[PDB]
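**Q** To start, I am sharing the structure in question, which I have written as structure tokens.
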Number of protein chains: 2
Amino acid sequence: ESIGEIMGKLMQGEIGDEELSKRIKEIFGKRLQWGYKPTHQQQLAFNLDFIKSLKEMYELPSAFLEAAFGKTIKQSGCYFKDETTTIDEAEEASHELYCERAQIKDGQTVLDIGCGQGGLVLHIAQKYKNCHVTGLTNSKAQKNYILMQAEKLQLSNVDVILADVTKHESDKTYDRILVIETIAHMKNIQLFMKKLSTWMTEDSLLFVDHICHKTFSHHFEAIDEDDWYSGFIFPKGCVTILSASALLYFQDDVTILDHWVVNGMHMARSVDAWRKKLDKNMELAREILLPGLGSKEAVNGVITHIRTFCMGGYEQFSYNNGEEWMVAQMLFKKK
Amino acid sequence: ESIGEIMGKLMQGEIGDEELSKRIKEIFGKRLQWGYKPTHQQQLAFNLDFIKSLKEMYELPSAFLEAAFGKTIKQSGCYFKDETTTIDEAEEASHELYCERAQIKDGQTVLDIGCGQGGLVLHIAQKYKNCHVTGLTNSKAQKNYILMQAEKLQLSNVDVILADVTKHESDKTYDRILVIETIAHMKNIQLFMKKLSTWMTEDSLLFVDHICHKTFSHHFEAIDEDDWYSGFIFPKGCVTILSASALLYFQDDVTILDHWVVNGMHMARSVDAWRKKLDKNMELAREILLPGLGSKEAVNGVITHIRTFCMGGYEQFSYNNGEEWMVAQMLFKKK
Ligand SMILES: C[S@@+](CC[C@H](N)C(=O)[O-])C[C@H]1O[C@@H](n2cnc3c(N)ncnc32)[C@H](O)[C@@H]1O
Ligand SMILES: C[S@@+](CC[C@H](N)C(=O)[O-])C[C@H]1O[C@@H](n2cnc3c(N)ncnc32)[C@H](O)[C@@H]1O
Ligand SMILES: COc1ccc(C[C@@H]2c3cc(O)c(OC)cc3CCN2C)cc1O
Ligand SMILES: COc1ccc(C[C@@H]2c3cc(O)c(OC)cc3CCN2C)cc1O
Ligand SMILES: [Cl-]
Ligand SMILES: [Cl-]
């Protein structure tokens, strides 16, 4: 079977969920074989090579997003206490976790880099009325959504910077900088962390949450010629999965204070909840998308892409009961 | 069996080698059970707790040393290419490895912290005639030995500082600072690395080699009431075994450039070679020690201690084909 063949059946809805899950699980299995080395000597050689290599380097309508994601349209791993925890509850729990670990206190200036649909920005703004909370996003649609929500929620302490963070120049500093699942998209990590440090003072803290593998780093890209999945999900080579410890080697400009990981079952439950909600609201979703996409085929294409992302993410993060791919968190101060 | 009972039989030479090895292997096995956590979440919690805790904190005659250790009396893990590599060859190979990884070049000023009997100091001084090489040791006997050897070898580029490194104050800086298996003895790591950084310029490099476990950190101390070994070897709580990654969290004042580990079989072969050489020269060793110790019983005691250290070290570093306890190496520059 060629890529073309599998892609054909997938797009026609000819692959059942069990086969789809099985196929993607196998692809991730091959990544594990690629990444695990026989000795720690070899593991560190592999990991440091990757780290050294790094140092050399249309939008969906909000109504569709509301029908697939949770209440605040969080697009990052959430935190599920119970088997019965809803996605809305898991969003709030994860916001709370970030506030704790980043040591948010009322009255601080807070910058959220790559703030998405602004769930965390709105959470902090509501909980800490004396905080001034700035979201930074490269999407005008996202900025517009956040500002409307802030207006609706009677929040007066929210602003949004519309910028490519890699290009953004400012003299402004913040007490707290948060980066929630944005760093995977950063082409230039060393320069990224350096830039963030220039937006900190001696009293600031930087909190980063990133998708990871516990042991090794990898680009999200085809493992071989049999891998139809990786390039389907990310048609660009624009996504890097750092190991859980990779950022420890990026302390030129910031210094680590604390380090955690969150088991991958939380991410797995997140993507599962999105997949189930999209499935439930499938008819509605196809209706919402049709105007802006132009044809039922183009609508089916976008839905297949998002649904497959969730199915694949489930297999990735649930692998070995969440003990392969997971979420890493780090707290830093400025040098 | 109480500690007293096992200690009694050990001191009388009543425990055969097989039983001795077995007993010590079991003690190390219990340490592994203590250190490995079921999830990476828990592993990082355990490791960060240890790291946070750190941030709150008679001499043997040279003739005896010559009869137990290799030619340069290296008292650190050596590097064995072949099954037939001698300890003398393994000493030289490890010196060479340090020179490569620390990027030693002719003409540099070089400081070796806790230089022991000065094998590395003498190696660098001989190989790089334009280097000025300083050893720092807290032992007058060690200083005296190094200076005599330098005289014998017609070396003019060696000096030795007699100091407790934790108390040593100087304005002098060095192009290269080497720390070979000394950091385990450092009570205050954060302050240690800070002090070293004040002896560096922007052009300096710092190379650290330390005994480690690949996964977790631990004090070298009794694992329970059945552990007669740990306190026998180190009657003080003065030895810490850092994980292979622990020093990544000590980058307040220095920044990592590279990171390696050396499989534990090299250390295992080192202690094995010492044990075999001591055994071969046993009669001679007892003769050498008798004057300064006063009784045959006191001589037997010192020999039992050193021999058991080697037997125990074998089981520790050879555990799981060298993939538990091993040697970590890191290269840093100043912030
Ligand atoms: C996976 S989403 C996480 C969003 C949000 N932090 C959350 O937790 O829901 C990553 C976000 O980074 C944003 N982003 C990616 N590259 C960016 C860049 N160069 N500048 C600014 N934002 C960027 C994307 O628009 C996206 O919303
Ligand atoms: C395990 S030996 C390694 C010696 C040598 N680097 C080698 O590789 O053979 C560690 C050395 O650190 C020295 N040392 C321990 N604490 C010290 C201190 N506070 N100041 C200076 N030297 C110290 C000891 O005297 C000992 O020689
Ligand atoms: C459909 O568009 C998208 C929707 C959501 C995301 C979120 C992104 C993401 C990326 C993954 O590879 C992943 O593995 C399971 C999980 C997640 C969830 C959180 N975050 C880090 C990216 C998209 O590109
Ligand atoms: C007998 O006195 C001693 C002789 C040599 C040492 C060397 C010390 C050491 C300590 C260990 O616990 C160990 O585990 C196997 C191995 C080694 C070899 C290298 N170095 C890091 C310490 C002593 O206290
Ligand atoms: Cl990320
Ligand atoms: Cl050490």
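Here, A, B, ... name the chains of the structure tokens in the order displayed, residue numbers run from 1 inside each chain, and ligands are numbered from 1 in the same displayed order.
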Go through segment 153-277 of chain A and collect every residue that DSSP, computed from the backbone, puts in helix (DSSP H, G or I); the answer should be as a PyMOL selection string.

**A** chain A and resi 183-185+189-198+229-233+246-249+265-277

**Q** Save out the residues we just selected, C-alpha atoms, as a compact mmCIF listing (two decimals), in the first residue's frame.

**A**
```txt
# COMPACT_ATOMS: atom_id res chain seq x y z
CA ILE A 183 7.47 26.40 21.91
CA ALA A 184 6.98 23.39 19.57
CA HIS A 185 6.42 25.95 16.80
CA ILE A 189 14.80 28.20 20.56
CA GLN A 190 18.03 29.80 21.84
CA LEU A 191 16.98 33.15 20.32
CA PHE A 192 13.43 32.68 21.64
CA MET A 193 14.57 32.22 25.26
CA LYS A 194 17.01 35.12 24.83
CA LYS A 195 14.22 37.41 23.60
CA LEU A 196 11.95 36.38 26.50
CA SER A 197 14.75 37.20 28.95
CA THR A 198 14.88 40.78 27.63
CA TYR A 229 0.35 10.49 9.13
CA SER A 230 3.08 12.93 10.13
CA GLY A 231 3.04 15.03 6.95
CA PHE A 232 -0.76 14.84 6.77
CA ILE A 233 -1.07 16.46 10.20
CA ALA A 246 15.81 19.52 26.45
CA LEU A 247 15.16 23.04 27.79
CA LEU A 248 17.70 22.45 30.58
CA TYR A 249 20.32 22.99 27.86
CA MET A 265 -3.08 10.36 29.75
CA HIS A 266 -4.22 13.94 30.47
CA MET A 267 -3.38 15.00 26.92
CA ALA A 268 -4.97 11.74 25.68
CA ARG A 269 -8.23 12.51 27.50
CA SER A 270 -8.09 16.05 26.07
CA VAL A 271 -7.88 15.02 22.40
CA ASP A 272 -10.43 12.26 23.08
CA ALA A 273 -12.89 14.83 24.44
CA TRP A 274 -12.38 17.06 21.38
CA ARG A 275 -12.86 14.08 19.03
CA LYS A 276 -16.07 13.01 20.78
CA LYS A 277 -17.47 16.56 20.85
```

**Q** Taking 3 positions as the minimum chain separation for residues in the same chain, which residues sit within 6 Å of segment 211-223 of chain A when counting only C-alpha atoms? Answer as a PyMOL selection string.

**A** chain A and resi 35+227+230+239-244+324-327

**Q** Could you save the residues just selected, with C-alpha atoms, as an mmCIF file, in the first residue's frame?

**A**
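As written to disk, part34.cif reads:
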```cif
data_model
loop_
_atom_site.group_PDB
_atom_site.id
_atom_site.type_symbol
_atom_site.label_atom_id
_atom_site.label_comp_id
_atom_site.auth_asym_id
_atom_site.auth_seq_id
_atom_site.Cartn_x
_atom_site.Cartn_y
_atom_site.Cartn_z
ATOM 1 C CA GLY A 35 14.605 7.365 19.653
ATOM 2 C CA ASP A 227 4.331 7.185 7.426
ATOM 3 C CA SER A 230 3.080 12.931 10.127
ATOM 4 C CA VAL A 239 6.857 21.257 14.748
ATOM 5 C CA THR A 240 9.523 20.018 17.186
ATOM 6 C CA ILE A 241 8.881 17.694 20.137
ATOM 7 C CA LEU A 242 11.538 18.421 22.761
ATOM 8 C CA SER A 243 12.515 15.786 25.296
ATOM 9 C CA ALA A 244 11.343 16.430 28.858
ATOM 10 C CA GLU A 324 6.102 8.062 26.489
ATOM 11 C CA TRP A 325 4.783 11.351 25.122
ATOM 12 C CA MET A 326 3.576 13.734 27.815
ATOM 13 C CA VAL A 327 3.743 17.393 28.875
#
```

**Q** Once you count only C-alpha atoms and all ligand atoms, which residues end up within 6 Å of ligand 1, and could you hand them over as a count of residues only?

**A** 17

**Q** When DSSP works through the backbone of this structure, what residues of segment 157-319 of chain A end up as strand (DSSP E), shown as a ChimeraX atom specification?

**A** /A:158-162,174-180,200-213,218-219,240-243,254-262

**Q** Select residues of chain B: the criterion is any atom within 8 Å of an atom of chain A, counting only C-alpha atoms; output as a list in words.

**A**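 Using only C-alpha atoms, chain B residues at most 8 Å from chain A: residues 39, 40, 41, 44, 45, 48, 214, 248, 249, 251, 252, 255, 256, 257, 258, 259, 260, 261, 262, 263, 323 and 335 of chain B.
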
**Q** Using only C-alpha atoms, please write the residues we just selected to a file, as an mmCIF file, in the first residue's frame.

**A**
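part04.cif was written with the following content:
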```cif
data_model
loop_
_atom_site.group_PDB
_atom_site.id
_atom_site.type_symbol
_atom_site.label_atom_id
_atom_site.label_comp_id
_atom_site.auth_asym_id
_atom_site.auth_seq_id
_atom_site.Cartn_x
_atom_site.Cartn_y
_atom_site.Cartn_z
ATOM 1 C CA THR B 39 6.109 7.446 36.426
ATOM 2 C CA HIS B 40 8.294 10.199 34.979
ATOM 3 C CA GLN B 41 6.053 12.632 36.877
ATOM 4 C CA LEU B 44 11.065 14.305 38.367
ATOM 5 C CA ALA B 45 9.331 15.095 41.648
ATOM 6 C CA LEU B 48 13.815 17.966 42.011
ATOM 7 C CA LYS B 214 21.872 7.638 35.201
ATOM 8 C CA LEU B 248 22.047 20.811 34.539
ATOM 9 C CA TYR B 249 20.110 22.422 37.405
ATOM 10 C CA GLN B 251 23.581 26.760 35.809
ATOM 11 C CA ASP B 252 23.169 29.978 37.821
ATOM 12 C CA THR B 255 26.179 27.496 31.022
ATOM 13 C CA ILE B 256 26.353 23.964 29.596
ATOM 14 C CA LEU B 257 28.016 23.353 26.205
ATOM 15 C CA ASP B 258 28.211 19.540 26.132
ATOM 16 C CA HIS B 259 27.254 16.496 28.192
ATOM 17 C CA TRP B 260 28.366 12.846 28.063
ATOM 18 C CA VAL B 261 28.325 9.727 30.163
ATOM 19 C CA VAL B 262 30.874 6.873 30.259
ATOM 20 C CA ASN B 263 29.415 3.375 30.826
ATOM 21 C CA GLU B 323 23.958 0.941 32.872
ATOM 22 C CA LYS B 335 27.549 33.001 31.988
#
```

**Q** Residues at most 9 Å from residue 122 of chain B, counting only C-alpha atoms, excluding those fewer than 4 positions away in the same chain, as a PyMOL selection string?

**A** chain B and resi 72+118+126-127+133+146+149-150+153+155+158

**Q** Find the residues near residue 315 of chain B: any atom within 9 Å, counting only C-alpha atoms, skip ones fewer than 2 places away on the same chain, and give them as a list in words.

**A**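 Here the answer would be residues 21, 22, 24, 25, 28, 268, 310, 311, 312, 313, 317, 318 and 319 of chain B.
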
**Q** Limited to N, CA and C atoms, could you put the picked residues into a file as a PDB file, in the first residue's frame?

**A**
```pdb
ATOM      1  N   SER B  21      30.587 -10.193  47.456  1.00  0.00           N
ATOM      2  CA  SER B  21      30.040  -9.578  46.255  1.00  0.00           C
ATOM      3  C   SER B  21      28.515  -9.647  46.273  1.00  0.00           C
ATOM      4  N   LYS B  22      27.979 -10.824  46.631  1.00  0.00           N
ATOM      5  CA  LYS B  22      26.541 -11.045  46.649  1.00  0.00           C
ATOM      6  C   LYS B  22      25.873 -10.094  47.643  1.00  0.00           C
ATOM      7  N   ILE B  24      26.934  -7.190  48.803  1.00  0.00           N
ATOM      8  CA  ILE B  24      27.016  -5.790  48.413  1.00  0.00           C
ATOM      9  C   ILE B  24      26.093  -5.527  47.220  1.00  0.00           C
ATOM     10  N   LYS B  25      26.056  -6.461  46.261  1.00  0.00           N
ATOM     11  CA  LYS B  25      25.135  -6.365  45.135  1.00  0.00           C
ATOM     12  C   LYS B  25      23.696  -6.147  45.620  1.00  0.00           C
ATOM     13  N   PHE B  28      23.055  -2.591  46.836  1.00  0.00           N
ATOM     14  CA  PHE B  28      22.892  -1.680  45.708  1.00  0.00           C
ATOM     15  C   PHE B  28      21.533  -1.877  45.035  1.00  0.00           C
ATOM     16  N   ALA B 268      34.211  -0.126  36.700  1.00  0.00           N
ATOM     17  CA  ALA B 268      34.244  -1.469  37.262  1.00  0.00           C
ATOM     18  C   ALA B 268      35.611  -2.105  37.016  1.00  0.00           C
ATOM     19  N   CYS B 310      36.816  -1.676  46.801  1.00  0.00           N
ATOM     20  CA  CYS B 310      36.987  -2.119  45.422  1.00  0.00           C
ATOM     21  C   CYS B 310      35.969  -3.197  45.050  1.00  0.00           C
ATOM     22  N   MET B 311      35.738  -4.154  45.958  1.00  0.00           N
ATOM     23  CA  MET B 311      34.798  -5.234  45.700  1.00  0.00           C
ATOM     24  C   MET B 311      33.384  -4.674  45.555  1.00  0.00           C
ATOM     25  N   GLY B 312      33.035  -3.733  46.432  1.00  0.00           N
ATOM     26  CA  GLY B 312      31.727  -3.099  46.415  1.00  0.00           C
ATOM     27  C   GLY B 312      31.562  -2.208  45.191  1.00  0.00           C
ATOM     28  N   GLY B 313      32.629  -1.478  44.850  1.00  0.00           N
ATOM     29  CA  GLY B 313      32.591  -0.625  43.672  1.00  0.00           C
ATOM     30  C   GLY B 313      32.369  -1.442  42.406  1.00  0.00           C
ATOM     31  N   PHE B 317      29.264  -0.503  39.927  1.00  0.00           N
ATOM     32  CA  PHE B 317      29.434   0.072  38.601  1.00  0.00           C
ATOM     33  C   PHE B 317      29.179  -0.956  37.503  1.00  0.00           C
ATOM     34  N   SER B 318      29.302  -2.252  37.822  1.00  0.00           N
ATOM     35  CA  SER B 318      29.048  -3.275  36.814  1.00  0.00           C
ATOM     36  C   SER B 318      27.568  -3.661  36.757  1.00  0.00           C
ATOM     37  N   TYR B 319      26.759  -3.149  37.693  1.00  0.00           N
ATOM     38  CA  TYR B 319      25.342  -3.490  37.759  1.00  0.00           C
ATOM     39  C   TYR B 319      24.683  -3.264  36.395  1.00  0.00           C
TER      40      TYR B 319
END
```

**Q** Would you mind listing what lies within 10 Å of residue 141 of chain B as a list in words, with only C-alpha atoms counted and same-chain residues fewer than 5 positions away left out?

**A**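 Once the nearby chain positions are removed, what remains is residues 59, 60, 61, 62, 116, 117, 146 and 162 of chain B.
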
**Q** Excluding residue 279 of chain B and residues on its chain fewer than 6 positions from it, collect all residues at most 10 Å away from it, counting only C-alpha atoms, and give them as JSON, numbers by chain.

**A** {"B": [67, 68, 273, 285, 303, 307]}

**Q** For the residues in that selection, give me N, CA and C atoms as a PDB file, in the first residue's frame.

**A**
```pdb
ATOM      1  N   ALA B  67      51.538   0.591  45.253  1.00  0.00           N
ATOM      2  CA  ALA B  67      51.388  -0.855  45.192  1.00  0.00           C
ATOM      3  C   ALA B  67      49.945  -1.268  44.895  1.00  0.00           C
ATOM      4  N   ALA B  68      48.988  -0.336  45.038  1.00  0.00           N
ATOM      5  CA  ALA B  68      47.582  -0.659  44.838  1.00  0.00           C
ATOM      6  C   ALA B  68      47.047  -0.039  43.548  1.00  0.00           C
ATOM      7  N   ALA B 273      41.008  -3.685  38.764  1.00  0.00           N
ATOM      8  CA  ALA B 273      42.445  -3.665  38.558  1.00  0.00           C
ATOM      9  C   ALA B 273      43.167  -3.297  39.851  1.00  0.00           C
ATOM     10  N   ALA B 285      52.332  -4.726  50.836  1.00  0.00           N
ATOM     11  CA  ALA B 285      51.450  -3.683  51.344  1.00  0.00           C
ATOM     12  C   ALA B 285      51.399  -3.701  52.871  1.00  0.00           C
ATOM     13  N   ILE B 303      43.509  -2.398  55.094  1.00  0.00           N
ATOM     14  CA  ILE B 303      43.523  -3.190  53.877  1.00  0.00           C
ATOM     15  C   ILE B 303      42.121  -3.734  53.602  1.00  0.00           C
ATOM     16  N   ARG B 307      40.068  -2.900  50.244  1.00  0.00           N
ATOM     17  CA  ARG B 307      39.740  -4.051  49.418  1.00  0.00           C
ATOM     18  C   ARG B 307      38.224  -4.171  49.249  1.00  0.00           C
TER      19      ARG B 307
END
```

**Q** Nearest to ligand 4 among B:125, B:159, B:282, B:65, with distances taken over only C-alpha atoms and all ligand atoms: which residue is it?

**A** B:65

**Q** List as a list in words the protein and nucleic acid residues near residue 13 of chain B, meaning an atom at most 9 Å away when only C-alpha atoms are counted, but skip any in the same chain fewer than 4 places from it.

**A**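 Those residues are residues 8, 9 and 304 of chain B.
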
**Q** For atom 3 (C, counted along the ligand's line) of ligand 3 and atom CA of residue 174 of chain A, determine how far apart the two atoms are, in Å to one decimal place.

**A**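 Rounded to one decimal, the two atoms are 28.3 Å apart.
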
**Q** Report the distance between atom CA of residue 187 of chain B and atom CA of residue 205 of chain B in Å, rounded to one decimal place.

**A** 22.8 Å

**Q** For atom CA of residue 136 of chain A and atom CA of residue 50 of chain A, determine how far apart the two atoms are, in Å to one decimal place.

**A**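 Taking atom CA of residue 136 of chain A as the start and atom CA of residue 50 of chain A as the end point, the length is 28.7 Å.
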